[PDB]
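Undergrad: First the structure, which I've put down as structure tokens, then a few questions once you've had a look.
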Amino acid sequence: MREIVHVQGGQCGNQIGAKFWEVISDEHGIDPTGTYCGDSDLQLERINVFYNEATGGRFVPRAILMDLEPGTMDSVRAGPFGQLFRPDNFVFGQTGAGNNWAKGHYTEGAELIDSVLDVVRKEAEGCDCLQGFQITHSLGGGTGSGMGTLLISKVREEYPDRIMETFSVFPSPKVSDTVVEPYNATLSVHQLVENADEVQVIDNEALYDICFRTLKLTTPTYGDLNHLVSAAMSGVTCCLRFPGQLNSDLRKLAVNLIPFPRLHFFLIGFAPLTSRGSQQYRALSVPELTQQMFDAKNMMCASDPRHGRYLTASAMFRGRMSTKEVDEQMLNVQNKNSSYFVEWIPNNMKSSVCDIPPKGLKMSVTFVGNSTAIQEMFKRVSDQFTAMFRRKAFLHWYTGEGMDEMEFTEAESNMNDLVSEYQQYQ
Amino acid sequence: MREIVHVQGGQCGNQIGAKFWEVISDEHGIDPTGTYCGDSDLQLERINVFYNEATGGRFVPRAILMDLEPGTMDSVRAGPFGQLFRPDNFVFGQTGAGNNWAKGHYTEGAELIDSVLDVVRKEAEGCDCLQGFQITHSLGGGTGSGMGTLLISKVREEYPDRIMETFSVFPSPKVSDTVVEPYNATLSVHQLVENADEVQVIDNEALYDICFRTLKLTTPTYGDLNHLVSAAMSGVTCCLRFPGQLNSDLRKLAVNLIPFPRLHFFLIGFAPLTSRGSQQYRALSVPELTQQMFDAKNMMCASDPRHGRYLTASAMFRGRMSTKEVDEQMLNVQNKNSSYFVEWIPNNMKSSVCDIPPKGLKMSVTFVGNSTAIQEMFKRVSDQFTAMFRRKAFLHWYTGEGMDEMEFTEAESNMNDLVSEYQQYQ
Amino acid sequence: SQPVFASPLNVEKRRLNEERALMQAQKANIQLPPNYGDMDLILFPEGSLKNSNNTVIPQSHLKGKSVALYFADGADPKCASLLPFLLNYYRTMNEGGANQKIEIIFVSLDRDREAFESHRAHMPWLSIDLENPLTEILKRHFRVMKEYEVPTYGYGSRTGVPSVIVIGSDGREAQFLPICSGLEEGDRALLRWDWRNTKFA
Amino acid sequence: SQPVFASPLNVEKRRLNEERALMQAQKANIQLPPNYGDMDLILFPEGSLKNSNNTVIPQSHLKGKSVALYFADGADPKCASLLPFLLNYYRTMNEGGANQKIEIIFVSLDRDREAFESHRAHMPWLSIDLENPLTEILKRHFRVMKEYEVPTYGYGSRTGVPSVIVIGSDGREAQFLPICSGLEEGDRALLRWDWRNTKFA
Amino acid sequence: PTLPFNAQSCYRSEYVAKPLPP
Amino acid sequence: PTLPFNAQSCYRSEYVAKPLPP
Amino acid sequence: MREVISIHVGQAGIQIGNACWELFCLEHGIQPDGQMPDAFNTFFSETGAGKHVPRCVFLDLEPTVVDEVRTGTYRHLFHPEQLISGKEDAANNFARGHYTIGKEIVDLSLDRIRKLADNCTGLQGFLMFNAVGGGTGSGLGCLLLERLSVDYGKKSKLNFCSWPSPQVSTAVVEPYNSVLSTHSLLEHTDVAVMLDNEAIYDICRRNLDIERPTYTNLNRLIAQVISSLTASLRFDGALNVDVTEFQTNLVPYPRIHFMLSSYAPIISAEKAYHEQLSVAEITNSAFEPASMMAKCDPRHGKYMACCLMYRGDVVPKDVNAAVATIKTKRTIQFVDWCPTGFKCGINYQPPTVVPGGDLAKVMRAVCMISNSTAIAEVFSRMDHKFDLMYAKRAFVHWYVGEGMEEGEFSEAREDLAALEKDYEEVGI
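Residue numbers (the authors' numbering), protein chains in the order written: chain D7, 1 to 426; chain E1, 1 to 426; chain s, 2 to 29, 35 to 207; chain u, 2 to 29, 35 to 207; chain 16, 237 to 258; chain 14, 237 to 258; chain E0, 1 to 37, 47 to 437.
As structure tokens, then:
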């Protein structure tokens, strides 16, 4: 049937995607050692979207680890469920990109791409008939942002008609680490606008605000908050793995959230989210789901959607549920909150149902919304880029690796038209 | 069907409200842990008026807890029946308006009202149609009077058609709590007079008098006093929750007690009231309910009704009881005490039957009387208010908190005019 | 082999019926093994059911009734919610009539004897004793369980406690009352009961 | 099924009659379970009733009577107030006639046998002793309780002690006399007792 | 100490399935 | 460690072995 | 066939209708299920195997009184959507019940009315039960009658309004509700009957000797009157008069359709042993001023017209001997222009007593409903009350805020003044 090939680039890419496989393996019933447990038919009926049989009974993920250092992939391997990945799917670098996008994309990444792209051709072709790829990476980093996008460029050319979908974490707005953020972000973005089909935006400041206001967790690790990102990853791809009353797919989301070819950046939200204290006392219903999902408090992207207009939004439901409350709640939300919905597209909502919920919950919903409230993110990077680029700050690190100066101007212009293009629909 | 939204503001509002939910839970047979006990249908066919299902079987109260300091929040939450309330229904301050009307209505209550107006809207919009709001607060305090009346102004503008029932306590004549009582009372009144649909007045002198002569309790605390106040709070709304021979709700009271819009202030009485010793000596009959009901000793406002004339009066009878002696006695009291009733309205008295008696008793009555003898309390406030304002005492906080001086002259002019309009009908 | 093949009632019935089939076949184109249509059993032995006066009644007492099994737990808040409506429905729709329409047999999921008898004292219809194997066997037969303790054989649980299931003469599920199921008609699904077509005959 | 369903009387009656119906069906378009009209019980055992002078009276001599069960307690002030008026009523009813018309069978709520005998020594009408479970089963059947001590199956307590209930042949309540009831017309509701209509058939 | 709830409405007390006249 | 999977699909719950009419 | 549709609006309508329908069930031997073990066709329809359902509608904007019907004993008897419930109370406001809240419930009511009316031809008319004192009883009660009179023109429309007591009122704004009701039920109702609360209180006091009566006790007696009034339709009689022939003999002018009510005997098990219930004696008690059921002493007016209904073992010659004695008696006076003013109705079927009620089983009964001129008193006293409270705009702001215009009070008052004059000029 269909298979997705998972790709991870960078330390953020390896750590986020490590928790993605821990929750997929939990969902499909795979042990750390790699054998099935839990004798349920649904769990194995569509297993080849992600896994791969060994003719010895065990399952391996269809994942391609990729990092320019040997350190972070030793962390992934040595933990529990680290035995699950095939050792040959790791690809190693000895040198590494020092959060310099140039050396990730031009110098250091060039000798590494021929090896990792050798793997990804071998794994992808070997399956029955491919459906899509997916990339998890960071745009603040060196190898997540620099060498990650070079793969995106080269396989898009190679496999032209397949879906490509990215969970990219942007530079943090307020408290912003890795001081070369706007240089890495802007250079990665204008390369990702002509070469990605779906882009999903997550911020850390969005995630941490969730941890006080909603979750109320005292000391949340990367482990705790990666549970949330990975649960969003599972939500968008539910129907590829489970039957549904109304089916979906990655391709169905593209044709029903992207009105024009360049406007493919999305907001991601998950519902329900409650503290352990408030868990037993909350009524879980679809009208209550749909109102906890339409919140600025609930998005994983740190831009307020009340400042803009939902050009086209979607909500993929998971659970045993009825089909008005998926759809009458849509008419319910579009009619009264008519200011936050664009006008010249009537009835902007795609909806879908997946029967089997996430483990331990009875219903859930994931939200994917194409908004023009994301202009306030590209703009914030845009001034910080031109604040630095005017005065030639940190440009010698970039211009010494074979780059030219004209590329930076093209980076802003292809960023600034995307800012303006969101403006003309608001 | 119908739902009452409950708002409790300030120290005195919260302690009254905590005791109020205890008798409602007792009347509806709700275990302190949240569940249902008792095994009868009559307890539960109208539960949506005060409670909400939580898909765990438990009922959460339809209440908002409101204070400018978290001290009294802790007392309600740590008491028995304290785990009933939803934790997010509480709202906190940190400063706490030091019994200053200005600071609760202009400075410290202003930045908080954003947050709690959301919690009201959360619960208000939640249902089919709401019946109305019920507010308990203190007119002598800062966070109860000043910030409480601000919400009354806010929620009246947003929900104009819905009713507005306030259980307020007043400054006492004899004892001095909160030395700036007439300043807070006068400034609260000239705003509460146009923004509240029915107002019911309690005074602590009246409550101690009841504990002197009727209950014969030797050491009543705020625990005992709030029990009697809470008993009339349930008695006035009994027929919303239980069936009966003749129906009544809060709007039945509004249309039958308000001749002119300016006059909506009541005197509340509860009958029967006897000591433990005299419990088994008394013949609970409809004659002896109505003679105790028309006694100055029984009113919970410390203004003697025999000086004034009852403009209109209402009596919500409860229990299995025959309606001829209900109907005749209201007529019969009007015949002999013809001097105590106004002349240009025939049959000043309204009666209703509520065929589910309170717990532990067999018959009961709650008296809500629009008497012009409530003038005696208003005169005392105006006399005191003019005593201080003429020499401009305690003004510099009120005028130093972004409030004009001319607000005071409007306050005394309106409330003096309220005094003047009681006079002509007497 | 209805509703499930793998149930203790069905295997016990299979054993008895084809025991008799082989015996009479040896004694004599008699069809082997017998059709489920040809199969007939005794669902309640002589000492199973006891009423409100703790007097044993046979299975034969249930002819021309609409019988429903009530799987209940003493401590469950959903059972605490469902119980008064069940009482009232039994009460009125059985009382106000020139026929004795329905009958309820109570099957326990409580912890122990004390809890079982304490909950059974609040109850006017028939019950099966907790010690008696029939309760466990009925639980496996109709696939009701509070939690996955006893291994169902790679199939779903039909429902959870509480549950009212209209039964037939042969353990056949006549109709399922949707208390806590797909319809989710809490405390109002009782009115879906049709007592005409479902007779213990 | 009258006046109640979940009573020990009705449970024993349903047992016996449906047993009898199955045996008639075994011996012989017969309707199972039997109709309430076709249901029959014997109410007072032969050794149940006894007169003033402590001699046995069978049930069969209650024919052509207006018979009432008097649920009473020795210690209750309300009972002590009600008793002389009922005594005068009984005397003036049974004296103005050759043959007697109304009859009262006494059911006790007394604490012990000594109290039972002490209170019974006053009364000239018929009585049932305390140890006979007839008292308890009739009490549940006619819904008399001093206080909610015993599990009753979703019933409301119809009466408080004292109460006189006029009975029919099949345990159906002929008429209710409201001493402490919906009318609260105490101490002279005994006048409302009609005897054309209330006959022990 | 607790007491059970033993109250029913005017409707339940007065309106039952009455027997028909013969 | 992990737990078995006690979820059941909508289809299996309501498309069952249906009783054949006489 | 020959059918009559019953409408119950408001608290008073529903509670009375509960008493009315339970009597009809016991009368024809149908059960709470609705199936009996062809007199009943006037009230109950034919549905499925053996079941009969009522030809009624229940309307209230308050849910708690009509939901309680759905909850009670008679669940299965009533149709699921013949009991229409609102969401929000009328709250004693005529303007609220006529303009604001009642608009979305009128068209839901008319849907049920026309579908229940169109099952067969030969519909006699409608029975209306409402309280003019109440909010939805007066407001929504009115609004239904404009929509009914325009479409179903032809058919009779009897009204049984519970007029407010002179001393007791169930409300303090009820003079306002009264004047507005009596304006708009003049030209929409064909026959209006005045029921009064303290009138039935003191009937229950001196006849049945019930020191502690309630609304259930009152509504039994009212249901007996409705059953006695329509007993002619249901059961065959020696000399029958139907719904349509009431307005022929009781309504001499278009403006004059307000009339008394009285039922006799009303005797408990106490007194029933110890008199003849003779036809002479029961018609004597019927005309007794203490037995009026509207609280107006009828001796200060003239009996414009009169109707007498009879149930049970009543022979025609006993009626004529009874009515001749009444004419002879000069306590009861007659108007000059109506020298003959009695229309008799005799039905063979005796009234059926509900068990554990308060009426005794009796052989015969009289239901005397009569048009008089003493009604001008009760209209005048209510008028005097309205003029004092209105003169300085008391409670006006509730009404004028809810949509109605200040000037409907003046127009309704002057129209009531025309009713004052019309009764005055006739009775001389």
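Built from N, CA and C at the ideal position, the CB exists for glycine as well.
1) Given that a residue counts as buried once 16 or more other Cβ atoms are within 10 Å of its Cβ, and exposed if not, what is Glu97 (chain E0)?
2) Kindly give me the distance between the Cβ atoms of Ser413 (chain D7) and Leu246 (chain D7), rounded to whole angstroms, as I take these residues to be in contact under 8 Å.
3) Round the Cβ separation of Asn195 (chain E1) and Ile152 (chain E1) to the nearest angstrom and send it over; I've been treating them as touching at under 8 Å.
4) Along the chain, where does the beta strand (DSSP E) that runs through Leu267 (chain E1) open and close?
5) With H, G and I counted as helix, E and B as strand and the rest as coil, what does DSSP make of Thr130 (chain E0)?
6) Using a Cβ cut-off of 8 Å, pull out every chain u residue sitting near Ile63 (chain s), in sequence order please.
7) Along the segment 269-284 of chain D7, what residues have a CB closer than 8 Å to any CB found in chain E1?
8) Which residue comes first and which comes last in the beta strand (DSSP E) that contains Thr366 (chain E1)?
9) From residue 478 (chain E1) to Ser364 (chain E1), what does the alpha carbon distance come to, in whole angstroms?
10) Strictly under 9 Å for the Cβ-Cβ distance: is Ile258 (chain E1) near chain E0 by that measure?
11) Closer than 7 Å by beta-carbon distance: list the chain u residues that pair up with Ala278 (chain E0), in chain order.
12) Compare the Cα-Cα distances from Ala331 (chain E0) to each of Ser270 (chain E0), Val375 (chain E0), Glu433 (chain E0) and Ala369 (chain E0) and report the closest residue.
13) 9 Å is my cut-off, CB to CB: does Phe91 (chain u) come that close to chain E0?
14) Could you give the DSSP three-state label for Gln3 (chain s): helix, strand or coil?
15) Per the DSSP calculation, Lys56 (chain s) is bridged to which residue(s)?
16) Starting from the N-terminal side, write out each stretch of the alpha helix (DSSP H) that is 4 residues or longer and does not extend beyond the segment 306-370 of chain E1.
17) Flag this pair as yes or no: are the beta carbons of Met151 (chain s) and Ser133 (chain s) separated by less than 9 Å?
18) Taking buried to mean at least 16 other C-beta atoms within 10 Å of its own C-beta, is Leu23 (chain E0) buried or exposed?
19) At least one CB of chain s closer than 9 Å to the CB of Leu132 (chain u): is that the case?
20) Can you tell me whether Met24 (chain s) is buried or exposed, with buried defined as 16 or more other CB within 10 angstroms of its CB?
21) What in chain s is Cβ-close to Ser58 (chain u), meaning under 9 Å?
22) Rounded C-beta distance between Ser271 (chain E0) and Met372 (chain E0)? I'm assuming under 8 Å.
23) With a threshold of 9 Å between beta carbons, is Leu230 (chain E0) in contact with chain 16?
24) Step through the CB atoms of chain s and report whether any lies within less than 9 Å of the CB of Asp128 (chain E1).
25) In chain u, which residues lie less than 8 Å from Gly365 (chain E0) when you measure between Cβ atoms?
26) Thinking just about the alpha-carbon of each residue, which of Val435 (chain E0), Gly81 (chain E0) and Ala295 (chain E0) is nearest to the one in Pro263 (chain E0)?
27) Helix, strand or coil: how does DSSP classify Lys145 (chain s) here?
28) Taking the C-alpha atoms as reference points, what is the distance between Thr72 (chain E1) and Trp131 (chain s)?
29) Which residue comes first and which comes last in the alpha helix (DSSP H) that contains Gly13 (chain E1)?
30) Name the chain 16 residues whose beta carbon is nearer than 9 Å to that of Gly188 (chain u)?
31) Please report the straight-line C-alpha distance between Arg198 (chain u) and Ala278 (chain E0), rounded to a whole angstrom.
32) Using a threshold of 9 Å, state whether the C-beta atoms of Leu117 (chain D7) and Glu3 (chain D7) are closer than that.
33) Counting only beta-carbon atoms, is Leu38 (chain s) nearer than 9 Å to chain u?
34) Would you kindly work out how many angstroms separate the C-alpha atoms of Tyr106 (chain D7) and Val368 (chain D7), rounded to a whole number?
35) Nearest to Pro72 (chain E0) by alpha carbon, out of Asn139 (chain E0), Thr225 (chain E0), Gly10 (chain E0) and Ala208 (chain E0)?
TA: According to the structure shown:
1) buried
2) Wrong, their Cβ atoms sit about 42 Å apart, outside the cutoff.
3) 5 Å
4) Element bounds for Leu267 (chain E1): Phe265 to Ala271.
5) coil
6) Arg16
7) Listed by position, the residues of the segment 269-284 of chain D7 near chain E1 (Cβ gap below 8 Å) are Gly277, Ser278, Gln280, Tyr281, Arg282, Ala283 and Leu284.
8) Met363 to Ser371
9) Because chain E1 in this structure spans residues 1 to 426, residue 478 (chain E1) falls outside the shown range and cannot be described.
10) yes
11) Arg198 and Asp200
12) Answer by Cα proximity: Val375 (chain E0).
13) Not one chain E0 Cβ lies under 9 Å of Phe91 (chain u).
14) In the three-state reduction of the DSSP assignment, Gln3 (chain s) falls in the coil class.
15) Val62 (chain s) and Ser133 (chain s)
16) 323-336
17) Note that the C-beta distance between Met151 (chain s) and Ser133 (chain s) is not below 9 Å.
18) buried
19) no
20) exposed
21) Those do not exist, as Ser58 (chain u) stays about 32 Å from chain s at its closest Cβ, beyond 9 Å.
22) Going by Cβ atoms, the distance from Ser271 (chain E0) to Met372 (chain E0) rounds to 19 Å, so no, they are not a contact pair.
23) no
24) no
25) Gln181 and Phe182
26) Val435 (chain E0)
27) helix
28) 50 Å
29) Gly10 to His28
30) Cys246, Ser249 and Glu250
31) 6 Å
32) no
33) no
34) 33 Å
35) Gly10 (chain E0)
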